[PDB]
Every structure is written in structure tokens, then in C-alpha cells.
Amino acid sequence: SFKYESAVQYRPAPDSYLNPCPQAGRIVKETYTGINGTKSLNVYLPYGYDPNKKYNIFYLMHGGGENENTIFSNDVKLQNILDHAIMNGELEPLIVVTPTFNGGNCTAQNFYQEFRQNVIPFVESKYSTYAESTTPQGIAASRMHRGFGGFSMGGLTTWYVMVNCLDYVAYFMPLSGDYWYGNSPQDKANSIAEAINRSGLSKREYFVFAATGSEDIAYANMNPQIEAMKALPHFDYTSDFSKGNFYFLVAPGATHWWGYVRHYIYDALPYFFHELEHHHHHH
């Protein structure tokens, strides 16, 4: 029974959500070959996953020095939080994918190209998303059911995905990372605006839920960028995505550590994928 709030506040998951849930989603290790050579990712399927149904899909990127196994390892345990939240009805069932920017010519900045060409067709040909095909026209037609997020260097990845993939992705979750593209915060905001202009999309067709900690170094460059974005007509600031499309959650006292950042995903992910959803829900 999720309901939108207009200014949602930081709230960690209870400590019991960090322990294994008996209603556990299956995690599948996959290997594929793309423009950056042979690489792996993990796919989280919700408990009761039925491939005759269609699922929203969220792709989630690791930070510097990490890999495609980090988010579901003992150092993070995001699957436990997902399992609990789905079981208790706080979060609608979805597929969550944890890829990597490691390998070949791949960098956090350039990952969007591999994302487009290899990762979406590989994953969404095998698993049941709202994509009816994985041609560019099929991917673009299911964009309201696709999201991208990430932490630190994976937050940087998210910003480059947004500016190059608005045709394919409607929901964005940059966590503790800023957009390195321009010599001022206004250059950053203007580049995002120009990408939106080129896409032809209305303000009801893209959504940005950013977050960091008040004690995370990422705040220093994120906050000026967010302020420059708020001044654009392209963004209506509120966490009530029935009305607007842009929010920045700052967790008091939180440091640059997955121990906190996993809770940002707990807070924000329930806000995604309801606008023009195919179920009859009152939020």
C-alpha cells in the first residue's frame, strides 16, 4: 500500500531487513559477449517470478573498485532488503540487474554504449520485461518500465545513461555521484536540458530521484548541480511523481558507504514505475 509523499525523508530499512528472507528472489549469474568482450552480470528475479507476466526492470551500477557481484555480496546484501520489501508489499515485484563497467575498453563514462547494444538485448531477450522485442523500436516502446541507477562512479554512469539513453529509460537514480561534463554546474544542467529537448519527451515522461549523505564527499559537487537543475523548466521539484519529476534526498549523518546507500534504494525504489502503469493502483 504505497502512497506518494511530496518531500520524502531518509529512513533506513529496519535491521531485520538485512537478514535472509524465506521468500527469496532467485539470483542468476549470466555471461555475455559484447562490444567490450566477455563480461558477466547478476539478475535478481522476484519471489514468485512468472515468465508469462511482464516485470519492470531496474539496472543498478557498482562503484569504483567494485564489480558485478558487489551489490548482492555480504558487504551490501541488497537482495535481503528487496526480498523483505516485496514480501511486505512496500515494493512492487521487479527484476533488478547488477552489471559492471569493468573489462575491455569499458569505463564508468562510456558504459551506456554497451548498455544499449548488448546488455538490454541480452537480458530482456531471456527474462520477461515489458519489451515485446529487443530492436531499438521495441526497447524505446517499453521505456516507461525501465530504470537506471548507481553509486559513486556508478552514479556518474547513471548521468551519462540519462543524457544518451532517454529514448530507452524513464527513471533515474544517481547516488553519490555528479555529472562530469562541463566546466560549471550550469554547463551540466544545460547539457541535461539539451538532451531532453532532443528527445522530444514531455515533463511527465522522465523522472530523476537523486540521493546522497550529508557526510558523503559527493555532496560537494552534487548539490550545485541539483540547484542548477531545479532552475530549468524541464524539472518540477517534488518526490510526488504524480505531480512532478525531480527530487534530491540528503540522509543526515550518512557517509560514503554502501551500509547507508542501500537504504537510499529502499527509500527511492518504491517511487518508480507507477506513472502510466498497466495495473489499476491508487498511490
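So that there is no doubt, residue numbering starts at 1 and follows the sequence shown.
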*Comparing 166-174 with 102-110, which has the greater mean CA B-factor as deposited?*
102-110
*Divide the modelled residues of the chain into thirds by Cα B-factor and specify which third, lowest, middle or highest, holds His278.*
highest
*If you rank every modelled residue in this chain by C-alpha B factor, which third holds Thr70: lowest, middle or highest?*
middle
*Where does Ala24 sit by CA temperature factor within its chain: lowest, middle or highest third?*
lowest
*Within this chain's modelled residues, let me know which third the CA B factor of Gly200 belongs to: lowest, middle or highest.*
middle
*Chain third (lowest, middle, highest) by recorded CA B-factor, residue given as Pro46*: lowest
